[PDB]
Structure formats: C-alpha cells, structure tokens
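Taking it in order: structure first as structure tokens, then the write-up.
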Amino acid sequence: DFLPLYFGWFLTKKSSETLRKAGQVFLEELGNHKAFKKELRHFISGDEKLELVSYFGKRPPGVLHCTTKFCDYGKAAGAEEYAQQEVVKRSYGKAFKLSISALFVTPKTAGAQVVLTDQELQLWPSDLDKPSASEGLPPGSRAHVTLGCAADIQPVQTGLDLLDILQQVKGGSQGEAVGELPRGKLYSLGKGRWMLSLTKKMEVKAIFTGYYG
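Written out as structure tokens, the structure reads:
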C-alpha cells in the first residue's frame with residue numbers, strides 16, 4: 183500500500199477562490215506601492234513596473250492547500266511514520282478552519298502564512314526531514330499556503346521562505362511597518378522580502394486528506 187503524494191488541508195472551492203483573489207489583490211497592490219518599486223533592484227537581478238501577478242506565474246492548479254507532510258508515496262523520510270499516526274487516521278476527511286495571519290512575497294515565492302490551532306498542530310510532522318530554518322521557531326511555523334512561484338522555483342520553497350521571514354521577525358528585524366495597504370500593515374524585511382500583516386485574520390475552510398497526483 184503506497185501513501186499519498188502529500189497529506190494536508192485542502193481548501194473548499196469557495197475558500198480557495200476567496201484566498202486566491204485576496205492573494206492577487208495583494209500582489210497588485212504591492213507591485214504598485216512606492217516602497218516596493220524603490221527596492222526593485224533588491225528583487226530582480228537582470229535588466233518600468235514589474236507586474237507581480239506575471240512574476241509569480243506558476244500558481245497552484247486546483248484548490249489551494251496547506252501541506253502537513255510531503256510523503257512522495259512513501260519515499261520521503263518519515264512518511265510511513267507520519268501516516269500511521271492515530272491522529273492522522275482520525276482526522277482523515279475531517280473539516281478544519283485555517284487562520285491566515287499574513288501574506289508574503291520574496292524573489293522566489295508568494296504565499297499565505299497559516300497559524301495552526303492546537304488541534305491542527307497535532308497533525309504537524311516531527312521528523313528528521315525538518316529543515317534547519319525551522320530551528321528556533323515554534324513547531325508548525327512552516328505552515329503556509331503557496332500562492333505563486335517564480336519560473337525556476339519549486340513550490341516547496343514557499344515554506345522555507347516563510348521560515349526565513351519569521352526568523353527576521355523573531356529578532357524584530359521587521360521593525361516598524363514601511364507602509365500600509367487597505368487590509369493591513371506592510372513590512373519590508375530586506376533582500377526582496379515583504380510581509381502584509383493582516384488587520385483581521387482570514388479564515389478558510391479546508392478538509393484534511395491525502396493527495397495522489
């Protein structure tokens with residue numbers, strides 16, 4: 183019996199459209215913000234205005250989702266150990282609400298930061314496959330929804346990018362907001378990294394299950 187490609191929370195069609203539209207408005211607003219335009223050298227590295238919706242053109246097909254454990258059908262480290270957990274089996278097909286507190290952009294990815302409840306954290310993996318940038322931050326800090334990737338970037342980069350942003354925030358390197366968008370304060374973390382801290386958290390409905398590809 184092989185396992186899914188990955189486990190995670192799959193947004194309902196309505197929630198996925200709502201978050202997808204929010205992400206597009208953020209990308210449009212950010213690309214027009216004077217502070218972002220001034221930093222455009224810290225963002226691209228070759229040779233007017235950059236339309237971030239075109240820049241992050243590899244957008245997830247289907248519904249948006251929040252991965253818990255990438256399994257690659259059993260080939261990833263920790264995959265079989267994760268899937269045999271009681272909580273994974275008990276939650277399979279169950280509905281959850283995911284809290285989105287912030288949207289972010291780097292030169293590689295765009296996504297949404299997810300803040301897991303204590304019940305949802307029980308579904309978060311704990312294994313060797315954990316990357317180093319998750320060290321020093323609370324478990325589950327990687328939890329995100331990918332909104333878009335640059336052409337040569339793989340989607341998994343989005344979670345590594347979020348962790349790197351949260352390492353800045355941990356030490357206060359976000360500083361004061363450089364500005365404001367209609368739905369929250371805008372933070373520049375340097376090196377092409379931007380975070381919109383939402384005035385009001387977004388909530389999305391999602392079903393925990395396995396995706397097979």
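Quick note on numbering: the sequence shown equals residues 183 to 229, 233 to 398 in UniProt numbering. We put the beta carbon where it would ideally sit given N, CA and C, even for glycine.
Helix, strand or coil for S326? Go by DSSP, reduced to three states. Coil at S326, not helix or strand.
How about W191 and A318: are their beta carbons less than 9 Å apart? No. Outside cutoff.
Opposite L288 in the DSSP bridges: which residues? For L288, the beta-bridge partners assigned by DSSP are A297 and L381.
Check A261 in the structure and name its three-state DSSP category. In the structure shown, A261 sits in coil (DSSP, three-state: anything other than H, G, I, E or B).
Residue nearest to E265 in terms of C-alpha spacing, selected from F208, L322, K219 and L313: Comparing alpha-carbon positions, the option among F208, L322, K219 and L313 lying closest to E265 turns out to be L313.
If you compare alpha carbons, which of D346, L332 and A217 is closest to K370? Comparing Cα positions, the closest option is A217.
Quick one: what's got a C-beta closer than 7 Å to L212's C-beta in the same chain, skipping five residues either side? Short of 7 Å from the beta carbon of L212, and not among the five residues preceding or following it, lie these beta carbons of its own chain, in chain order: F218, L237, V290 and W379.
In the stretch 330-383, which residue ranges form an unbroken alpha helix (DSSP H) of at least 4 residues, counting only runs that do not cross its ends? Within the stretch 330-383, complete alpha helix (DSSP H) segments of at least 4 residues are found at 342-355, given in chain order.
From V299 to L193, what distance separates their C-alpha atoms? Answer to the nearest angstrom: the Cα atoms are 12 Å apart.
Between which two residues does the beta strand (DSSP E) containing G190 stretch? Judged by DSSP secondary structure, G190 falls within the beta strand (DSSP E) whose first and last residues are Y188 to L193.
Go ahead and label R275 buried or exposed: buried means 16 or more other beta carbons lie within 10 angstroms of its beta carbon, across all protein chains shown. Exposed, by the Cβ-count rule.
With 16 other CB atoms within 10 Å as the buried threshold, where does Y372 fall? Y372 is classed as buried because its beta carbon has at least 16 other beta carbons within 10 Å across all chains shown.
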